[PDB]
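Asks: query30.pdb is reproduced below (PDB, C-alpha atoms and all ligand atoms).
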MODEL        1
ATOM      1  CA  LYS A   1      51.110  74.695 106.033
ATOM      2  CA  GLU A   2      54.356  72.752 106.126
ATOM      3  CA  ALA A   3      57.107  73.129 108.724
ATOM      4  CA  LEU A   4      59.299  71.660 105.923
ATOM      5  CA  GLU A   5      58.263  74.515 103.584
ATOM      6  CA  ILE A   6      59.273  77.280 106.082
ATOM      7  CA  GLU A   7      62.298  77.995 103.844
ATOM      8  CA  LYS A   8      64.689  80.091 105.916
ATOM      9  CA  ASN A   9      67.840  78.948 104.094
ATOM     10  CA  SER A  10      69.827  82.174 104.169
ATOM     11  CA  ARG A  11      70.856  82.743 100.547
ATOM     12  CA  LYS A  12      74.045  84.414 101.865
ATOM     13  CA  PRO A  13      76.048  84.426 105.107
ATOM     14  CA  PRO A  14      75.501  87.236 107.598
ATOM     15  CA  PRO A  15      77.745  90.213 106.987
ATOM     16  CA  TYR A  16      81.424  90.473 107.878
ATOM     17  CA  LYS A  17      84.248  92.719 106.695
ATOM     18  CA  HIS A  18      86.532  90.796 104.338
ATOM     19  CA  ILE A  19      90.071  91.825 105.349
ATOM     20  CA  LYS A  20      93.600  90.992 104.240
ATOM     21  CA  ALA A  21      95.444  91.129 107.532
ATOM     22  CA  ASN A  22      94.876  91.137 111.293
ATOM     23  CA  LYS A  23      93.509  94.322 112.970
ATOM     24  CA  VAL A  24      94.730  95.024 116.561
ATOM     25  CA  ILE A  25      92.089  96.028 119.144
ATOM     26  CA  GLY A  26      92.415  97.971 122.405
ATOM     27  CA  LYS A  27      95.478  97.090 124.481
ATOM     28  CA  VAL A  28      96.778  94.587 121.913
ATOM     29  CA  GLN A  29      99.802  96.034 120.170
ATOM     30  CA  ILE A  30     101.599  95.694 116.886
ATOM     31  CA  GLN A  31     104.563  93.322 116.891
ATOM     32  CA  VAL A  32     107.132  94.041 114.140
ATOM     33  CA  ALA A  33     110.756  92.869 113.814
ATOM     34  CA  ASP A  34     113.593  95.045 112.765
ATOM     35  CA  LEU A  35     115.151  93.786 109.513
ATOM     36  CA  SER A  36     118.178  93.120 111.737
ATOM     37  CA  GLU A  37     116.089  90.599 113.790
ATOM     38  CA  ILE A  38     114.782  88.469 110.885
ATOM     39  CA  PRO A  39     116.464  85.025 110.827
ATOM     40  CA  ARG A  40     118.504  84.097 107.761
ATOM     41  CA  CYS A  41     118.434  80.504 106.518
ATOM     42  CA  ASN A  42     121.317  78.627 104.843
ATOM     43  CA  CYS A  43     119.532  77.725 101.569
ATOM     44  CA  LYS A  44     121.359  78.619  98.334
ATOM     45  CA  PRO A  45     119.837  80.724  95.522
ATOM     46  CA  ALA A  46     120.973  78.060  92.983
ATOM     47  CA  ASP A  47     118.839  75.380  94.801
ATOM     48  CA  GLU A  48     115.898  73.629  93.202
ATOM     49  CA  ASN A  49     112.922  74.955  95.191
ATOM     50  CA  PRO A  50     114.836  77.143  97.635
ATOM     51  CA  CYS A  51     113.140  77.236 101.046
ATOM     52  CA  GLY A  52     110.427  74.865  99.732
ATOM     53  CA  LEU A  53     108.401  72.133 101.450
ATOM     54  CA  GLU A  54     110.981  69.452 100.663
ATOM     55  CA  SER A  55     113.965  71.657 101.554
ATOM     56  CA  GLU A  56     116.237  71.598 104.572
ATOM     57  CA  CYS A  57     115.249  75.239 105.213
ATOM     58  CA  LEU A  58     116.168  76.275 108.764
ATOM     59  CA  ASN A  59     113.493  79.024 108.759
ATOM     60  CA  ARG A  60     110.681  76.791 107.471
ATOM     61  CA  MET A  61     111.676  74.043 109.927
ATOM     62  CA  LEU A  62     111.073  76.485 112.826
ATOM     63  CA  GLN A  63     107.924  77.972 111.235
ATOM     64  CA  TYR A  64     109.665  81.285 110.459
ATOM     65  CA  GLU A  65     108.780  83.000 107.165
ATOM     66  CA  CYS A  66     111.713  84.318 105.117
ATOM     67  CA  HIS A  67     112.014  88.033 104.338
ATOM     68  CA  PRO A  68     113.180  88.457 100.687
ATOM     69  CA  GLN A  69     115.721  91.207 101.572
ATOM     70  CA  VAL A  70     117.259  88.712 104.062
ATOM     71  CA  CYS A  71     117.023  85.223 102.524
ATOM     72  CA  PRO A  72     120.061  84.013 100.502
ATOM     73  CA  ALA A  73     117.577  82.809  97.822
ATOM     74  CA  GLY A  74     116.231  86.294  96.984
ATOM     75  CA  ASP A  75     112.797  86.359  95.359
ATOM     76  CA  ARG A  76     113.158  82.671  94.349
ATOM     77  CA  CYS A  77     112.456  81.867  98.030
ATOM     78  CA  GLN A  78     109.411  79.563  98.395
ATOM     79  CA  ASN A  79     108.909  80.507 102.089
ATOM     80  CA  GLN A  80     107.068  83.839 101.633
ATOM     81  CA  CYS A  81     103.549  82.411 101.783
ATOM     82  CA  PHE A  82     101.912  84.631 104.394
ATOM     83  CA  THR A  83     103.212  87.872 102.935
ATOM     84  CA  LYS A  84     102.482  86.909  99.277
ATOM     85  CA  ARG A  85      98.915  85.892 100.295
ATOM     86  CA  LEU A  86      98.808  83.294  97.519
ATOM     87  CA  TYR A  87      95.914  81.112  98.606
ATOM     88  CA  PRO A  88      94.279  78.296  96.628
ATOM     89  CA  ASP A  89      91.046  79.759  95.248
ATOM     90  CA  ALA A  90      88.153  78.870  97.533
ATOM     91  CA  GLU A  91      84.388  79.045  97.494
ATOM     92  CA  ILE A  92      81.782  79.454 100.221
ATOM     93  CA  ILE A  93      79.301  76.539 100.384
ATOM     94  CA  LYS A  94      76.016  75.920 102.197
ATOM     95  CA  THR A  95      75.924  72.820 104.384
ATOM     96  CA  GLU A  96      72.817  71.326 105.971
ATOM     97  CA  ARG A  97      73.983  71.075 109.582
ATOM     98  CA  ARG A  98      77.270  73.000 109.787
ATOM     99  CA  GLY A  99      76.115  76.360 108.401
ATOM    100  CA  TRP A 100      78.275  77.884 105.718
ATOM    101  CA  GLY A 101      81.531  76.088 104.854
ATOM    102  CA  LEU A 102      84.466  76.481 102.461
ATOM    103  CA  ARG A 103      85.694  74.338  99.584
ATOM    104  CA  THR A 104      88.806  74.486  97.461
ATOM    105  CA  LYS A 105      88.422  75.214  93.749
ATOM    106  CA  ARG A 106      91.762  73.577  92.973
ATOM    107  CA  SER A 107      93.834  70.620  94.044
ATOM    108  CA  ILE A 108      96.133  71.145  97.023
ATOM    109  CA  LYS A 109      99.197  69.091  97.905
ATOM    110  CA  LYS A 110     100.094  67.781 101.363
ATOM    111  CA  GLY A 111     101.908  70.401 103.470
ATOM    112  CA  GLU A 112     100.887  73.327 101.206
ATOM    113  CA  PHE A 113      99.822  76.719 102.620
ATOM    114  CA  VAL A 114      96.045  76.962 102.302
ATOM    115  CA  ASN A 115      95.218  80.273 104.060
ATOM    116  CA  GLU A 116      95.953  82.667 106.855
ATOM    117  CA  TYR A 117      93.507  82.809 109.810
ATOM    118  CA  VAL A 118      92.909  86.578 110.036
ATOM    119  CA  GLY A 119      90.601  88.721 112.157
ATOM    120  CA  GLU A 120      90.466  91.285 114.921
ATOM    121  CA  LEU A 121      93.310  90.725 117.394
ATOM    122  CA  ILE A 122      91.879  90.952 120.929
ATOM    123  CA  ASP A 123      92.962  90.185 124.480
ATOM    124  CA  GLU A 124      91.532  87.543 126.816
ATOM    125  CA  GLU A 125      89.255  90.028 128.544
ATOM    126  CA  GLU A 126      87.725  91.236 125.257
ATOM    127  CA  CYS A 127      87.449  87.597 124.088
ATOM    128  CA  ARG A 128      85.423  86.719 127.183
ATOM    129  CA  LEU A 129      83.185  89.807 126.904
ATOM    130  CA  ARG A 130      82.432  88.890 123.269
ATOM    131  CA  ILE A 131      81.607  85.309 124.173
ATOM    132  CA  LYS A 132      79.309  86.505 127.013
ATOM    133  CA  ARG A 133      77.468  88.941 124.700
ATOM    134  CA  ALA A 134      77.177  86.145 122.076
ATOM    135  CA  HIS A 135      75.574  83.797 124.667
ATOM    136  CA  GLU A 136      73.208  86.609 125.721
ATOM    137  CA  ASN A 137      72.183  86.974 122.055
ATOM    138  CA  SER A 138      71.888  83.127 121.517
ATOM    139  CA  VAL A 139      74.734  83.188 118.956
ATOM    140  CA  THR A 140      76.020  79.729 118.096
ATOM    141  CA  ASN A 141      78.888  80.559 115.711
ATOM    142  CA  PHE A 142      82.275  81.333 117.241
ATOM    143  CA  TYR A 143      85.384  82.440 115.340
ATOM    144  CA  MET A 144      87.889  82.920 118.222
ATOM    145  CA  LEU A 145      91.354  81.349 118.054
ATOM    146  CA  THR A 146      94.115  81.684 120.688
ATOM    147  CA  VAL A 147      97.532  82.575 119.279
ATOM    148  CA  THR A 148      99.039  83.212 122.727
ATOM    149  CA  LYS A 149      97.280  83.640 126.097
ATOM    150  CA  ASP A 150      96.414  87.371 125.590
ATOM    151  CA  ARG A 151      96.402  87.443 121.757
ATOM    152  CA  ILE A 152      93.208  85.925 120.297
ATOM    153  CA  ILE A 153      92.130  86.255 116.637
ATOM    154  CA  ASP A 154      88.390  86.903 116.278
ATOM    155  CA  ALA A 155      87.450  86.219 112.639
ATOM    156  CA  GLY A 156      83.758  86.887 113.387
ATOM    157  CA  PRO A 157      83.292  90.596 112.618
ATOM    158  CA  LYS A 158      86.188  90.759 110.151
ATOM    159  CA  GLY A 159      88.166  87.967 108.482
ATOM    160  CA  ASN A 160      88.968  86.246 105.187
ATOM    161  CA  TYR A 161      87.648  83.001 103.712
ATOM    162  CA  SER A 162      89.284  80.963 106.515
ATOM    163  CA  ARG A 163      86.441  82.077 108.849
ATOM    164  CA  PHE A 164      84.207  79.688 106.900
ATOM    165  CA  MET A 165      86.278  76.552 107.464
ATOM    166  CA  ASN A 166      84.381  74.071 109.569
ATOM    167  CA  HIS A 167      85.627  71.761 112.322
ATOM    168  CA  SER A 168      86.340  68.149 111.547
ATOM    169  CA  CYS A 169      87.406  65.304 113.784
ATOM    170  CA  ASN A 170      89.242  63.893 110.739
ATOM    171  CA  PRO A 171      90.360  67.108 109.065
ATOM    172  CA  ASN A 172      92.284  67.810 105.870
ATOM    173  CA  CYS A 173      94.029  71.020 107.191
ATOM    174  CA  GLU A 174      95.626  72.139 110.460
ATOM    175  CA  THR A 175      96.524  75.446 112.062
ATOM    176  CA  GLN A 176     100.185  76.356 112.671
ATOM    177  CA  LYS A 177     101.744  79.287 114.480
ATOM    178  CA  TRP A 178     104.337  81.052 112.330
ATOM    179  CA  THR A 179     106.515  84.092 112.823
ATOM    180  CA  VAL A 180     106.364  86.590 109.965
ATOM    181  CA  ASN A 181     108.378  89.816 110.196
ATOM    182  CA  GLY A 182     108.498  89.360 114.011
ATOM    183  CA  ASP A 183     104.727  88.925 114.396
ATOM    184  CA  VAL A 184     103.037  85.630 115.297
ATOM    185  CA  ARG A 185     100.354  84.688 112.736
ATOM    186  CA  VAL A 186      98.280  81.604 112.094
ATOM    187  CA  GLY A 187      98.349  79.586 108.914
ATOM    188  CA  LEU A 188      96.237  76.754 107.637
ATOM    189  CA  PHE A 189      98.199  73.921 105.969
ATOM    190  CA  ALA A 190      97.066  70.804 104.147
ATOM    191  CA  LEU A 191      97.458  67.524 106.090
ATOM    192  CA  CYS A 192      97.031  65.455 102.938
ATOM    193  CA  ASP A 193      96.509  65.831  99.217
ATOM    194  CA  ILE A 194      93.124  67.547  98.710
ATOM    195  CA  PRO A 195      91.256  67.248  95.400
ATOM    196  CA  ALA A 196      89.575  70.209  93.791
ATOM    197  CA  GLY A 197      86.012  70.578  95.071
ATOM    198  CA  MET A 198      86.644  69.140  98.559
ATOM    199  CA  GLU A 199      85.402  70.994 101.657
ATOM    200  CA  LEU A 200      88.343  72.369 103.709
ATOM    201  CA  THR A 201      88.241  71.560 107.435
ATOM    202  CA  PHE A 202      90.498  71.741 110.469
ATOM    203  CA  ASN A 203      90.449  70.497 114.051
ATOM    204  CA  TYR A 204      89.413  73.460 116.234
ATOM    205  CA  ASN A 205      90.987  71.879 119.358
ATOM    206  CA  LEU A 206      88.325  73.897 121.106
ATOM    207  CA  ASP A 207      88.717  75.072 124.714
ATOM    208  CA  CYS A 208      85.056  75.330 125.769
ATOM    209  CA  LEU A 209      85.823  77.483 128.879
ATOM    210  CA  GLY A 210      78.702  72.560 127.909
ATOM    211  CA  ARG A 211      79.537  71.111 124.466
ATOM    212  CA  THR A 212      78.011  71.704 120.973
ATOM    213  CA  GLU A 213      77.102  68.740 118.753
ATOM    214  CA  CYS A 214      79.531  67.865 115.924
ATOM    215  CA  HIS A 215      78.230  66.949 112.448
ATOM    216  CA  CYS A 216      81.575  66.401 110.759
ATOM    217  CA  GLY A 217      80.662  62.880 109.714
ATOM    218  CA  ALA A 218      84.091  61.337 110.504
ATOM    219  CA  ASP A 219      84.394  57.689 111.615
ATOM    220  CA  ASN A 220      86.247  58.950 114.727
ATOM    221  CA  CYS A 221      83.840  61.842 115.471
ATOM    222  CA  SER A 222      83.601  62.338 119.254
ATOM    223  CA  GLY A 223      80.083  63.692 118.780
ATOM    224  CA  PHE A 224      81.121  67.072 120.097
ATOM    225  CA  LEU A 225      82.490  70.075 118.573
ATOM    226  CA  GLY A 226      86.154  70.961 118.795
TER     227      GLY A 226
ATOM    228  CA  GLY B   1      84.920  78.283 123.322
ATOM    229  CA  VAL B   2      88.064  79.289 121.710
ATOM    230  CA  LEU B   3      90.080  77.406 119.099
ATOM    231  CA  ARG B   4      93.611  76.374 119.856
ATOM    232  CA  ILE B   5      96.512  75.721 117.494
TER     233      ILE B   5
HETATM  234  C1  LIG A 301      84.336  79.549 112.452
HETATM  235  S1  LIG A 301      82.758  79.152 112.193
HETATM  236  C2  LIG A 301      82.735  78.305 110.730
HETATM  237  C3  LIG A 301      81.737  78.808 109.694
HETATM  238  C4  LIG A 301      80.270  78.636 110.115
HETATM  239  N1  LIG A 301      79.797  77.289 109.747
HETATM  240  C5  LIG A 301      79.343  79.685 109.526
HETATM  241  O1  LIG A 301      78.262  79.275 109.044
HETATM  242  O2  LIG A 301      79.677  80.911 109.529
HETATM  243  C6  LIG A 301      82.489  78.033 113.422
HETATM  244  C7  LIG A 301      81.055  77.641 113.776
HETATM  245  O3  LIG A 301      80.504  76.786 112.790
HETATM  246  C8  LIG A 301      79.789  75.695 113.384
HETATM  247  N2  LIG A 301      80.501  74.439 113.105
HETATM  248  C9  LIG A 301      81.758  74.301 112.619
HETATM  249  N3  LIG A 301      82.130  73.018 112.482
HETATM  250  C10 LIG A 301      81.029  72.315 112.848
HETATM  251  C11 LIG A 301      80.748  70.885 112.976
HETATM  252  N4  LIG A 301      81.676  70.022 112.613
HETATM  253  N5  LIG A 301      79.548  70.536 113.450
HETATM  254  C12 LIG A 301      78.621  71.439 113.831
HETATM  255  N6  LIG A 301      78.804  72.770 113.755
HETATM  256  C13 LIG A 301      80.004  73.226 113.294
HETATM  257  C14 LIG A 301      79.747  76.013 114.868
HETATM  258  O4  LIG A 301      78.584  76.798 115.148
HETATM  259  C15 LIG A 301      80.977  76.860 115.082
HETATM  260  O5  LIG A 301      80.891  77.748 116.210
HETATM  261 ZN    ZN A 302     115.657  78.654 103.297
HETATM  262 ZN    ZN A 303     113.945  81.766 102.013
HETATM  263 ZN    ZN A 304      83.172  65.377 114.551
ENDMDL
END
Kindly return the structure encoded in the file as structure tokens.

Replies:
Amino acid sequence: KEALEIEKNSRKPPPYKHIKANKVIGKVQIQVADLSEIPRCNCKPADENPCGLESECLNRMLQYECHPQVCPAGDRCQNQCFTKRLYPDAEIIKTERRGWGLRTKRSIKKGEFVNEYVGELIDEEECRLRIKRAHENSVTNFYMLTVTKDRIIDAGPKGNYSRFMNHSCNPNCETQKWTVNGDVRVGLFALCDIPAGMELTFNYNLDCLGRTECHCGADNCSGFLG
Amino acid sequence: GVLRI
């Protein structure tokens, strides 16, 4: 008769549409630069690792992605991460107290691009409506991230593997706001070297708009999510 | 709540 035996471990996460890039919703509009507006860095195509993590790259320093038609380095440019969508291979995992999570299948170096946070791009009003409807339906998983005050990415209905990354108070990745072809997008970047097999986490820096309990396990855990 | 960068 066991309450322990009532095995309701979902064998798979609830459905979502796995998408490559953000999808604008309602009033939210498409932001695209003219090729004439893309910043050009001063890296040289002869450089070792042109526009790389260790480089002086003026674009990378200001979190601007290079456009290959613009960059002096051509297709050798190592600052095309968002557009190339080269992500370390990742795997969805089941946790006991934090739902589904995500782990890396390979080793990742400090500062390396891990993923793009993609989803439906919605305005504040739509964000609030969605949160209200979620509370009315006793939903406890939220996938909303503010890019700017009226541009919020909702990775709930549609997203990529980044939607599975859990919150940690002592994370191994962080979000950064980058400009890519005149649009503001959100990347996840490693804060440290990460061995293959490790769960990938970031600090949500949550604006709660009461608190949810945090199970991240960190020594500095506040006890509360975000 | 909503995540922030
Ligand atoms: C973006 S989702 C992450 C994936 C989610 N775990 C799932 O199963 O789909 C965020 C939600 O996961 C849960 N979560 C994430 N980090 C957590 C933590 N450290 N402790 C408790 N719950 C967490 C919360 O319900 C949060 O709203
Ligand atoms: Zn450069
Ligand atoms: Zn470049
Ligand atoms: Zn915590």

Asks: Given a cut-off of 10 Å, what residues near ligand LIG 301 (chain A) show up using only C-alpha atoms and all ligand atoms, put as an MDAnalysis selection string?

Replies: (chainID A and resid 12:16 92:102 139:145 154:156 161:171 201:204 206 212:218 221 223:226) or (chainID B and resid 1:3)

Asks: Keeping only C-alpha atoms, take the residues you just selected and write them out as a PDB file, in the frame of the given file.

Replies:
ATOM      1  CA  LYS A  12      74.045  84.414 101.865  1.00  0.00           C
ATOM      2  CA  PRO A  13      76.048  84.426 105.107  1.00  0.00           C
ATOM      3  CA  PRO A  14      75.501  87.236 107.598  1.00  0.00           C
ATOM      4  CA  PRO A  15      77.745  90.213 106.987  1.00  0.00           C
ATOM      5  CA  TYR A  16      81.424  90.473 107.878  1.00  0.00           C
ATOM      6  CA  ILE A  92      81.782  79.454 100.221  1.00  0.00           C
ATOM      7  CA  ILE A  93      79.301  76.539 100.384  1.00  0.00           C
ATOM      8  CA  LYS A  94      76.016  75.920 102.197  1.00  0.00           C
ATOM      9  CA  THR A  95      75.924  72.820 104.384  1.00  0.00           C
ATOM     10  CA  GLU A  96      72.817  71.326 105.971  1.00  0.00           C
ATOM     11  CA  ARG A  97      73.983  71.075 109.582  1.00  0.00           C
ATOM     12  CA  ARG A  98      77.270  73.000 109.787  1.00  0.00           C
ATOM     13  CA  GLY A  99      76.115  76.360 108.401  1.00  0.00           C
ATOM     14  CA  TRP A 100      78.275  77.884 105.718  1.00  0.00           C
ATOM     15  CA  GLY A 101      81.531  76.088 104.854  1.00  0.00           C
ATOM     16  CA  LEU A 102      84.466  76.481 102.461  1.00  0.00           C
ATOM     17  CA  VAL A 139      74.734  83.188 118.956  1.00  0.00           C
ATOM     18  CA  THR A 140      76.020  79.729 118.096  1.00  0.00           C
ATOM     19  CA  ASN A 141      78.888  80.559 115.711  1.00  0.00           C
ATOM     20  CA  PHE A 142      82.275  81.333 117.241  1.00  0.00           C
ATOM     21  CA  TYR A 143      85.384  82.440 115.340  1.00  0.00           C
ATOM     22  CA  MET A 144      87.889  82.920 118.222  1.00  0.00           C
ATOM     23  CA  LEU A 145      91.354  81.349 118.054  1.00  0.00           C
ATOM     24  CA  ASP A 154      88.390  86.903 116.278  1.00  0.00           C
ATOM     25  CA  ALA A 155      87.450  86.219 112.639  1.00  0.00           C
ATOM     26  CA  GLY A 156      83.758  86.887 113.387  1.00  0.00           C
ATOM     27  CA  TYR A 161      87.648  83.001 103.712  1.00  0.00           C
ATOM     28  CA  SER A 162      89.284  80.963 106.515  1.00  0.00           C
ATOM     29  CA  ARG A 163      86.441  82.077 108.849  1.00  0.00           C
ATOM     30  CA  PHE A 164      84.207  79.688 106.900  1.00  0.00           C
ATOM     31  CA  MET A 165      86.278  76.552 107.464  1.00  0.00           C
ATOM     32  CA  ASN A 166      84.381  74.071 109.569  1.00  0.00           C
ATOM     33  CA  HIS A 167      85.627  71.761 112.322  1.00  0.00           C
ATOM     34  CA  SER A 168      86.340  68.149 111.547  1.00  0.00           C
ATOM     35  CA  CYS A 169      87.406  65.304 113.784  1.00  0.00           C
ATOM     36  CA  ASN A 170      89.242  63.893 110.739  1.00  0.00           C
ATOM     37  CA  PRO A 171      90.360  67.108 109.065  1.00  0.00           C
ATOM     38  CA  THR A 201      88.241  71.560 107.435  1.00  0.00           C
ATOM     39  CA  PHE A 202      90.498  71.741 110.469  1.00  0.00           C
ATOM     40  CA  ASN A 203      90.449  70.497 114.051  1.00  0.00           C
ATOM     41  CA  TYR A 204      89.413  73.460 116.234  1.00  0.00           C
ATOM     42  CA  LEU A 206      88.325  73.897 121.106  1.00  0.00           C
ATOM     43  CA  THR A 212      78.011  71.704 120.973  1.00  0.00           C
ATOM     44  CA  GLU A 213      77.102  68.740 118.753  1.00  0.00           C
ATOM     45  CA  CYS A 214      79.531  67.865 115.924  1.00  0.00           C
ATOM     46  CA  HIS A 215      78.230  66.949 112.448  1.00  0.00           C
ATOM     47  CA  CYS A 216      81.575  66.401 110.759  1.00  0.00           C
ATOM     48  CA  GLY A 217      80.662  62.880 109.714  1.00  0.00           C
ATOM     49  CA  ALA A 218      84.091  61.337 110.504  1.00  0.00           C
ATOM     50  CA  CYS A 221      83.840  61.842 115.471  1.00  0.00           C
ATOM     51  CA  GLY A 223      80.083  63.692 118.780  1.00  0.00           C
ATOM     52  CA  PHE A 224      81.121  67.072 120.097  1.00  0.00           C
ATOM     53  CA  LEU A 225      82.490  70.075 118.573  1.00  0.00           C
ATOM     54  CA  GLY A 226      86.154  70.961 118.795  1.00  0.00           C
TER      55      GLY A 226
ATOM     56  CA  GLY B   1      84.920  78.283 123.322  1.00  0.00           C
ATOM     57  CA  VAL B   2      88.064  79.289 121.710  1.00  0.00           C
ATOM     58  CA  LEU B   3      90.080  77.406 119.099  1.00  0.00           C
TER      59      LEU B   3
END

Asks: What gap, in Å, lies between CA of residue 22 (chain A) and CA of residue 177 (chain A)?

Replies: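 Separation of CA of residue 22 (chain A) and CA of residue 177 (chain A): 14.1 Å.
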
Asks: Using all atoms listed in the file, which protein or nucleic acid residues are at most 6 Å from ligand ZN 303 (chain A), as a PyMOL selection string?

Replies: chain A and resi 51+66+71+73+77+79

Asks: Using the chain letters and numbers from this file, what does the PyMOL selection byres (((not hetatm)) within 10 of (chain A and resi 302)) select? Give the answer as a PyMOL selection string.

Replies: chain A and resi 39-45+47+49-53+55-61+64-66+71-74+77-79

Asks: Evaluate the PyMOL selection byres (((chain A and resi 114) around 10) and not hetatm) here and jot the selected residues down as a count of residues only.

Replies: 26

Asks: To one decimal place, how far is CA of residue 31 (chain A) from CA of residue 152 (chain A) in Å?

Replies: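 That distance, rounded to one decimal, is 14.0 Å.
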
Asks: Between CA of residue 176 (chain A) and CA of residue 63 (chain A), what distance in Å does the model show, to one decimal?

Replies: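 So the answer is 8.0 Å.
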
Asks: Pick the closest to chain B from A:199, A:220, A:138, A:124: which is it, counting only C-alpha atoms?

Replies: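 The closest residue to chain B is A:124.
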
Asks: Which residues, written as an MDAnalysis selection string, have at least one atom at most 12 Å from residue 37 (chain A), with only C-alpha atoms counted and residues fewer than 4 positions away on the same chain left out?

Replies: chainID A and resid 32:33 64 66:67 70 179:183

Asks: Kindly indicate which residue among A:3, A:134, A:46, A:184 lies nearest to residue 29 (chain A), using all atoms listed in the file for the distances.

Replies: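 Ranking A:3, A:134, A:46, A:184 by distance to residue 29 (chain A), first place goes to A:184.
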